[PDB]
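# Observations on the three-dimensional arrangement
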Amino acid sequence: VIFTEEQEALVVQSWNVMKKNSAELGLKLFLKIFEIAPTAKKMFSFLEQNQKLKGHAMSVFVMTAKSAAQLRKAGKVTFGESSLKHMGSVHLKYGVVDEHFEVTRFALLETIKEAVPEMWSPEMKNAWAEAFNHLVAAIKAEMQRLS
Amino acid sequence: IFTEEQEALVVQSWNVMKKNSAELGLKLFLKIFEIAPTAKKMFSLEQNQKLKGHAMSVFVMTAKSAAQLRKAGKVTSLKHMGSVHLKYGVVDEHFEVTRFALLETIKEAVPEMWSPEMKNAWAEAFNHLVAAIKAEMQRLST
Ligand code: HEM
Ligand code: HEM
């Protein structure tokens, strides 16, 4: 797929600003997830500032920004050895459905809009959205590859 | 149990929203399909649609619940509600996304009045209504 250099810079530069507040931005991300769909808590076996709840939210942030660089360099999302199968196996094992990915995307954009209020743009969201969509498509491709 | 103070919060706020109920229905499903676009697959062009009339039902049946929960203590068609939602696979995630979008339409849309008790009033009225729908949804083989 095609991913312009401006879309890459929008994600990289905005993530460079959010790197220091990534911990607090992780808790707020899951606060909106658990506010929109509280049943999402059941998939996580882990009091209110839970470290693996932030560490998972950390991953959603950092892997999405890393995805934007791959979409510009090669045009696809590439995972490493024993990593693509792990992503698919875990999300499949806990029954992550499309609604969970799409609520997380909505909450992610809401956490990127309230973090940097003066960087966001109708072009900024599409950069983070496509980077998040291609990342989910790769996770879902390995989940649907258990034939 | 549903206190009289919680009833007044819903009844009075809905009286203001009665005139804008039509547009408030489209706004409810616009946020639903924005948060979880896969919800469209459960339904069947979509400018003005019967999805607004369906969203009308979500609005009007929730307001009816607040009056019923205060008058009698229960939500009072029920067999049809459970049967339809069961056949299309409406899960808990769908009910709570609709609740979030509903509350965003009751506090952030055109009704500009809000309170820590106002949201909880519509939330409990929506929960007891959904609990009754879900009680009839568990009328499957298990
Ligand atoms: C682009 C989106 C996502 C990415 C990049 C991502 C990434 C990850 C990573 C790195 C792990 C850790 C695996 C391990 O440590 O073995 C994980 C586990 C997990 N993820 Fe995701 N995830 C995403 C979306 C989601 C969504 C939407 C849900 C559901 C709300 C979800 C639920 C889980 C669960 C339940 C686990 C396992 C936690 C545990 O082992 O206790 N993930 N994910
Ligand atoms: C929360 C997520 C919900 C989803 C995803 C959902 C979905 C659906 C779907 C797909 C139908 C079938 C429509 C048709 O085939 O014509 C339906 C029917 C209906 N829904 Fe819901 N529903 C939800 C909640 C509610 C709530 C809270 C109410 C109000 C109490 C409600 C009121 C109705 C009514 C009255 C019908 C009857 C339609 C008919 O008889 O043709 N729904 N719903």
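Residues numbered from 1 in each chain as written, not as in the entry; some residues may be left out. Chains lettered and ligands numbered in written order. Heavy atoms only, no water.

This entry, as listed in the PDB, derives from X-ray crystallography and reports a resolution of 2.24 Å.

With the PDB entry as reference, chain B is termed Non-symbiotic hemoglobin class 1, source organism Beta vulgaris. For chain B, the Cofactor (unreviewed entry) comment in UniProt is given as "heme b". (UniProt positions renumbered as here; feature names shortened; annotations may be inferred.)

Chain A appears in the PDB entry as Non-symbiotic hemoglobin class 1 from Beta vulgaris. Here chain A is described in UniProt, under the heading Catalytic activity (unreviewed entry), as follows: "Fe(III)-heme b-[protein] + nitric oxide + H2O = Fe(II)-heme b-[protein] + nitrite + 2 H(+)". Quoted verbatim from the Cofactor (unreviewed entry) heading of the UniProt record, the comment on chain A is "heme b".

### Here's the deal with the interface of chain B and chain A
With 13 residues of chain B in contact, the opposing surface of chain A contributes twelve residues. Of the roughly 1200 Å² buried between chain B and chain A, counting both surfaces, carbon and sulfur atoms make up 57%. Counting across the interface, chain B meets chain A through zero salt bridges. Put simply, chain B and chain A have six residue pairs in polar contact between them. Put simply, the parts of the chain that give the side of chain B that touches chain A at least two residues each are helix 2 (21-35) and helix 5 (92-107) of chain B. Per-element tally for the side of chain B that touches chain A: the top contributor is helix 5 of chain B, with seven residues. Class assignment for the residues of the side of chain B that touches chain A results in five nonpolar, two polar and six charged. (Contact = heavy atoms within 4.5 Å. Buried area = accessible area lost by both parts, 1.4 Å probe. Salt bridge = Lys/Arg side-chain N within 4 Å of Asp/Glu carboxyl O. Polar contact = N/O pair within 3.5 Å; in protein donor to acceptor, adjacent residues only side chain to side chain. Helix = DSSP H or I, 4+ residues; strand = E, 2+ residues; numbered from the N terminus. Nonpolar A, V, L, I, M, F, W, Y, C, P; charged D, E, K, R; others polar.)

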